[PDB]
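Novice: Chains as they are written, first to last, in UniProt numbering: chain A, 17 to 456; chain B, 141 to 418; chain C, 148 to 366; chain D, 357 to 406; chain E, 52 to 403.
Don't be surprised by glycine CBs; every beta carbon is placed ideally from N, CA and C.
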Ligand SMILES: Nc1ncnc2c1ncn2[C@@H]1O[C@H](COP(=O)(O)OP(=O)(O)OP(=O)(O)O)[C@@H](O)[C@H]1O
Ligand SMILES: Nc1ncnc2c1ncn2[C@@H]1O[C@H](COP(=O)(O)OP(=O)(O)OP(=O)(O)O)[C@@H](O)[C@H]1O
Ligand SMILES: Nc1ncnc2c1ncn2[C@@H]1O[C@H](COP(=O)(O)OP(=O)(O)O)[C@@H](O)[C@H]1O
Ligand SMILES: [Mg+2]
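#1: Tell me, please, whether the CB atom of residue 391(B) is closer than 9 Å to any CB atom in chain A?
#2: Are residue 217(B) and residue 307(B) closer than 9 Å when you measure CB to CB?
#3: Identify, in the order they occur along the chain, each residue of the same chain with its Cβ nearer than 6 Å to the Cβ of residue 229(E), setting aside the five sequence neighbours on each side.
#4: Report the CB separation of residue 145(A) from residue 127(A) in whole angstroms; it is logged as a contact under 8 Å.
#5: For a contact defined as C-beta to C-beta under 7 Å, what are the partners of residue 209(B) on chain E?
#6: Would you check if the segment 339-357 of chain B and the segment 371-380 of chain B touch, i.e. whether three or more CB-CB distances between them fall below 8 Å?
#7: Looking at residue 288(C) and ligand 2, is the gap between the Cβ and the nearest heavy atom below 8 Å?
#8: Identify the contact partners of residue 192(C) in chain E, using a Cβ-Cβ distance below 9 Å as the criterion.
#9: Since residue 288(E) is in the beta strand (DSSP E), which residue starts that stretch and which ends it?
#10: Any heavy atom of ligand 4 closer than 8 Å to the CB of residue 234(C)?
#11: Is residue 402(E) near residue 347(E), with beta carbons less than 9 Å apart?
#12: Does the structure place the segment 154-165 of chain E close enough to the segment 299-319 of chain C that three or more beta carbon pairs sit under 8 Å?
#13: Which chain B residues are close to residue 367(D), counting only those with a beta carbon under 8 Å from its beta carbon?
#14: Report back the beta-carbon spacing between residue 369(E) and residue 211(C) to the nearest angstrom; my notes put them in contact at under 8 Å.
#15: Is DSSP giving residue 414(A) helix, strand or coil here?
#16: Against residue 136(A), what residues of chain B qualify as contacts under a CB-to-CB distance less than 8 Å, listed in chain order?
#17: Note down, in chain order, all residues in the segment 67-99 of chain A with a beta-carbon under 7 Å from any beta-carbon belonging to chain B.
#18: Under 9 Å between the Cβ atoms of residue 220(E) and residue 339(C)?
#19: Against chain D, which members of the segment 391-416 of chain B pass a CB distance test of less than 9 Å?
#20: Consult DSSP for residue 337(E) and reduce its assignment to one of helix, strand or coil.
#21: Could you name the residues of chain B that residue 141(E) contacts, counting a contact when the two beta carbons are closer than 9 Å?
#22: Are the segment 299-306 of chain A and the segment 259-273 of chain A touching by the rule of at least three beta carbon pairs closer than 8 Å?
#23: Return the CA-CA distance between residue 180(E) and residue 380(B), expressed in angstroms with no decimal places.
#24: State whether the segment 262-276 of chain B contacts the segment 177-191 of chain B, with contact taken as three or more CB pairs (one from each stretch) at a distance under 8 Å.
#25: Which whole-angstrom value describes the C-beta separation of residue 264(E) and residue 304(C), a residue pair presumed to lie in contact below a C-beta threshold of 8 Å?
#26: Do residue 282(C) and residue 252(C) count as a contact pair if the criterion is CB distance below 9 Å?
#27: Count the other C-beta atoms from every protein chain shown that fall within 10 angstroms of the C-beta of residue 269(C), then say buried if there are 16 or more, exposed otherwise.
#28: Quick one: list the residues of chain B neighbouring residue 379(D), beta-carbon separation under 7 Å, in chain order.
#29: Please report the distance separating the alpha-carbon of residue 392(A) from that of residue 360(A).
#30: When DSSP labels each residue in this structure, what does residue 247(A) get in the three-state scheme?
#31: Taking residue 314(E) as the reference, give the member of 86(E), 278(E), 115(E) and 193(E) with the closest Cα.
#32: Within 9 Å of any Cβ in chain D, is that where the Cβ of residue 182(B) sits?
#33: Using a Cβ-Cβ cutoff of 8 Å, what residues of the segment 264-283 of chain E are near chain F? List them in chain order.
#34: Can you tell me which of the three DSSP states residue 207(E) falls into?
#35: How far does the alpha helix (DSSP H) with residue 255(A) in it extend, from its first residue to its last?
#36: Can you find a C-beta in chain E that's less than 9 Å from the C-beta of residue 207(C)?
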């Protein structure tokens, strides 16, 4: 309420001179006196300039203990203005960026965190310093501690911190969580990001980071359709689509995973949408795979392995392979998965037609011995996938639901009604033709 | 022409937008009270093959009487959130109206609308506005209030034990009610809502601070232990003033000092009897 | 809330009418204008000046007070033993002053129906305000200004409540700076502090049992 | 009135137990509750007098 | 223009009013039950070009007089009484004129103003902002002045009432006024209700009493249940004001209805100096004016008393027929107003 600008501006040069000369104590004491006077006067700017002056002087003294103590005392100075504390903290943050000594860095960062715990006026800085400390504990080969220190920060809440830093902080959290080999926390952390944010002005590197972290997440237990969705989003990214190799690999992954997916309405609609992709021509064998999985006709595993066996698993120099079916353990798992999907599509296709099919003939056509085909059918039925009754005593597999008389008569009625409508339509076409040819 | 069962003016809770927003989990403790209020408006609704095997006639309504601020209108609010039956809410100060024959008309209209919808709850908050024992039947106004009260009794006694219309009313002074309400057949349960004891104080603190940031430093056992007769509404002002101070100092965490100041703010201790007694 | 006249059958407003005040309020208004000069009161020569300066001076020469940058006083209360010259001074002021006078009596604002005394007071202040600057003379102010207390006996609460309303009217929200108040009481030891407060009833004036010179003057 | 209340309380407790019969244990608990509330009312009246 | 007004009047003469009544239910696509304000209920039709989706069970509607055909919908009625409660004029007091209250004004703004701009803080800490605060303290301290400052400076709507002007003779009319006032506030969010002298209707509910006492207690039960009842109040704030907090219903002081109990006591020495400075500013003065002397001769005074010190100081200055206020006139004023204080009964009441 009472100006002190002239006093502080005059004094400060002398204080810096005396400090650099070696009069640190006297200059610090006089600065504390001016700070108390100003703060009782409630001068935010003068207090901030004085506080920054003190923090700067002390650092060019190798007085780590003196610097940290002075930071503490300044923070707890009574009636201390929040803006002054924030400026002092941003200075300390720059400095923590500068300093290099491992113990000095760690101690200064801890002091900055303690003075920076729980305060809006300094809230960005806390997240930044926590990110720095998580980095430091991470490249020291300690991952759990990095994960905890990072997860302790609730980025979303901060209303001042800009969006891009929020997303980058979340993404660091997710990468660390995947590293620590825990996933449930990752699912929890994923929903917190907004997928719509990755459309606004520039979110290109962050977008690819998010989608790669998911694809690594969903491969853990198997969510092939979700992974196809994410690869598709990556393919839609302009940067990937601009270069040939990037978008071609995007489509390779998307088609292979839609293939690997469990059959259902969503996967059917997705495969139908992907199939009508003019760019798909570039990948000949892969579009062959797509059609084969959309055409309704039995397919033999033998033919698929003989033709596309090498183009998928062992890769091609002209057409790059993908980690989808590499030699890793997950490669064998997904190869089993593709076997499973061909078998299930075969079962469904004969499950549209084929009211009855002897167990031996189904097993022969599916390329399995009797027992394994029977087990596969039993599991499918128990899971509600398809409907069928195995008459193990006679070796028959009936695909027909019961026909209650109510349904039988209802079908009869639908048939009559369609007959009536076709009679009406044929009469309309007759009237039209007679009009076109009879007036003459 | 004969119209649908009720034109009515006592609109019934839309149970769509006007449904309150207090879950059973917002409350803490009052397990016994929850039981009785639910056990008295649901247990007769279920079964009934066991409520005339032991000859005890089923309850008609519930009186909820307790000190001023221990959760009387909270529980009604929750049982209005969760319950599936129709809900009609009134305040006894609303029946009393200017013209003669209008108070009785409103009472009859309310109970008739309830009877129309088999599952229904009628809540009459602050029944003290009507059922006051003492009367001065010499001024008319008191005569009309007595008329409303008698109409309530006559409507309550007009049931067949086979209609699922229940009534619950809350009062801050049960003793001031007339006995005609307490007689069996009418209101058959009284549910005390006493000031919290230690265990309830702990539960309500935990449940009300559960939404806080509440750094781990704070040890609520200290606040609950204090031998201070505090009502549940206060236990929410301590937890609110704590965060208030937090925001005053521009934080988003609550320290032990903040809570201490809150408790010293909300519980001002009575004028210490000069210590030359004792 | 205005007062308009409407057609008997088309219900179309047709004219604006003067505001309605309870007849009881309207009867409080002065019509006769008593005639008692400032010579007829002797022995109260300081008190008369105090009251004249407080009530009449602002109304005529407001320029002086505006120049000094001071709000004039709010209210005047006259207290003295019975027969010490209270109502006579006010009657004289009404005789010489020209602004609208309103008479009253403490017991005139107590009505049986709850909420009627307050309505009386509110409408009286309203009429005083509307009819140019004016003074209100509440004689026997001790009837309604009694101290409040915690007792189980009812009835007094209604008088206390119209007293609260009068308190608020004098100095409260929506400041009133056109009406001035007078009062007279034999007992000032029973009037509420919120009514003797230094903002509602500012100038309080004592009326002593007349001294020898005063007795000769009166005779 | 206390001995009239103990009966209804005990019956209602037995009902919560989901039975057709009241039990001696149930009666004991009901009478404990009713007498506890009676003594609570008496001491509340005493405190009000205080 | 005269002929335009004449023809406007002549056209206006041929036109009829519409009975205003409330729709209670929509029987069929062209059948509505309407309760005309007088009381008679009708079954009536509806004009063909009218959004029948806006006639919910409760909309106010203007019925033609002959056929009683619904013809227009209207927003909820605003009683003239509430129109006056909502169009007061607290002068233009600013927070400057309030001297000697700093902590109290901060608490008040925290309660009513902060949640109306900066709710995000309350969401971050995780609390619902408090609703209303009682201003209790010895007479002449600044309660009403604070409320007028809050009304004029702040930007939300205001409602001002004296609890002694709610009450009405006919049974069940004061309660209806309170209920309709709070409905109005519930409509025009945000809004602040300032109940002045809530002791006029907030009084302990006795077991034994008379008919009028019981009627006022019914009004008070209505208020209590409007504050914190079945319907959460949300975004309307309250402030009361009493010199007798003690004589109030314990259910009204409960810390869910009146969250903060701010004490506004008599000024202290520094505060006295502030108020004296605030009031003595616009005077035209000569010579030195050592406010320490008056602060020393004005023990026990209140804001009004120091304002009166200034007024009396000018009165004395005119009495001498000068054109200024000198120090000696201040000393005379202070000593005088010290003499008049012997009549007021000095004591304070607390909420216990
Ligand atoms: N067990 C509880 N858990 C949480 N909040 C509670 C609990 N008991 C009471 N409250 C608080 O009670 C406040 C509301 O009080 P309520 O309306 O229930 O009062 P009441 O007992 O009906 O009062 P009155 O007798 O004056 O009508 C809510 O703010 C809620 O915080
Ligand atoms: N100082 C005086 N000068 C002239 N007349 C006086 C004086 N004192 C008293 N009187 C006479 O006293 C008579 C009655 O006194 P009055 O009623 O005017 O006084 P009051 O103090 O207002 O009394 P009350 O308490 O009864 O209202 C009047 O006729 C007036 O003539
Ligand atoms: N702190 C203050 N600053 C300035 N004036 C004050 C103060 N306190 C009281 N007053 C004076 O008192 C009057 C306001 O009365 P107020 O305190 O609002 O109501 P109450 O009668 O309830 O105390 C005004 O005339 C004002 O000048
Ligand atoms: Mg007289």
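Specialist: Reading from the atomic positions:
#1: Position 251 of the second chain, counted from the first residue, corresponds to residue 391(B). Yes, residue 391(B) counts as interfacial toward chain A.
#2: Mapped onto the second chain, residue 217(B) falls at position 77. Mapped onto the second chain, residue 307(B) falls at position 167. Result no, Cβ atoms of residue 217(B) and residue 307(B) do not sit closer than 9 Å.
#3: As a position in the fifth chain, residue 229(E) is number 178, starting the count at 1. Only 273 and 274 meet the Cβ criterion.
#4: Here the question's residue 145(A) lines up with position 129 in the first chain. Here the question's residue 127(A) lines up with position 111 in the first chain. The pair is not a contact, with the Cβ atoms about 10 Å apart (cut-off 8 Å).
#5: For the purposes of this step, residue 209(B) is taken as residue 69 along the second chain, with counting starting at 1. Ordered by position in chain E, the residues that pass the 7 Å Cβ test against residue 209(B) are 305 and 307.
#6: yes
#7: For the purposes of this step, residue 288(C) is taken as the residue at position 141 of the third chain. Checking the Cβ of residue 288(C) against ligand 2 gives no.
#8: Reading the third chain from its first residue, position 45 is the one you call residue 192(C). Here the premise fails: no neighbours, minimum Cβ distance about 14 Å.
#9: The sequence position of residue 288(E) within the fifth chain is 237, counting from 1. It spans 287-290 - the beta strand (DSSP E) in which residue 288(E) sits, taken as one unbroken run.
#10: For the purposes of this step, residue 234(C) is taken as residue 87 along the third chain, with counting starting at 1. Yes, the beta carbon of residue 234(C) sits closer than 8 Å to at least one heavy atom of ligand 4.
#11: Working through the fifth chain from its first residue, we reach residue 402(E) at position 351. Working through the fifth chain from its first residue, we reach residue 347(E) at position 296. No.
#12: no
#13: Taking the first residue of the fourth chain as 1, we reach residue 367(D) at position 11. Those within 8 Å of residue 367(D) in chain B are 194, 195 and 196.
#14: Reading the fifth chain from its first residue, position 318 is the one you call residue 369(E). Reading the third chain from its first residue, position 64 is the one you call residue 211(C). Confirmed, about 6 Å.
#15: Within the first chain, the letter at position 398 stands for residue 414(A). DSSP places residue 414(A) in strand when its eight states are reduced to three.
#16: Mapped onto the first chain, residue 136(A) falls at position 120. Neighbours of residue 136(A) on chain B, chain order: 390, 391 and 392.
#17: 98
#18: Against the fifth chain, residue 220(E) aligns to sequence position 169. Against the third chain, residue 339(C) aligns to sequence position 192. Taking 9 Å as the Cβ cut-off, residue 220(E) and residue 339(C) do not qualify as a contacting pair.
#19: none
#20: One-based indexing of the fifth chain puts residue 337(E) at position 286. Residue state, collapsed to three classes: coil.
#21: Walking along the fifth chain from the start, residue 141(E) turns up at place 90. Going along chain B, no residue has its Cβ under 9 Å from residue 141(E), so there is no contact; the nearest lies around 27 Å.
#22: yes
#23: For this step, residue 180(E) is matched to residue 129 along the fifth chain. For this step, residue 380(B) is matched to residue 240 along the second chain. One C-alpha to the other measures close to 8 Å.
#24: no
#25: By 1-based counting over the fifth chain, the position of residue 264(E) is 213. By 1-based counting over the third chain, the position of residue 304(C) is 157. Right, their Cβ atoms sit about 7 Å apart.
#26: Taking the first residue of the third chain as 1, we reach residue 252(C) at position 105. Taking the first residue of the third chain as 1, we reach residue 282(C) at position 135. Contact flag unset, no.
#27: Stepping through the third chain from its first residue, residue 269(C) is reached at position 122. By the 10 Å Cβ count, residue 269(C) comes out buried.
#28: In the fourth chain, residue 379(D) corresponds to position 23, counting from 1. Neighbours of residue 379(D) on chain B: none; closest Cβ ~11 Å, over 7 Å.
#29: Taking the first residue of the first chain as position 1, residue 392(A) is located at position 376. Taking the first residue of the first chain as position 1, residue 360(A) is located at position 344. Roughly 9 Å between the two C-alpha positions.
#30: Working through the first chain from its first residue, we reach residue 247(A) at position 231. Residue state, collapsed to three classes: helix.
#31: Translated into the one-based positions of the fifth chain, residue 314(E) becomes position 263. The shortest Cα separation from residue 314(E) among 86(E), 278(E), 115(E) and 193(E) belongs to 193(E).
#32: Indexing the second chain from 1 puts residue 182(B) at position 42. Chain D, which has no Cβ nearer than 9 Å to the Cβ of residue 182(B), makes this no.
#33: The chain labelled as chain F is not found among the protein chains of the depicted structure, namely A, B, C, D and E.
#34: One-based indexing of the fifth chain puts residue 207(E) at position 156. Residue state, collapsed to three classes: coil.
#35: Against the first chain, residue 255(A) aligns to sequence position 239. Unbroken alpha helix (DSSP H) run through residue 255(A): 254-258.
#36: Position 60 of the third chain, counting from 1, holds the residue named residue 207(C). Closer than 9 Å: no.
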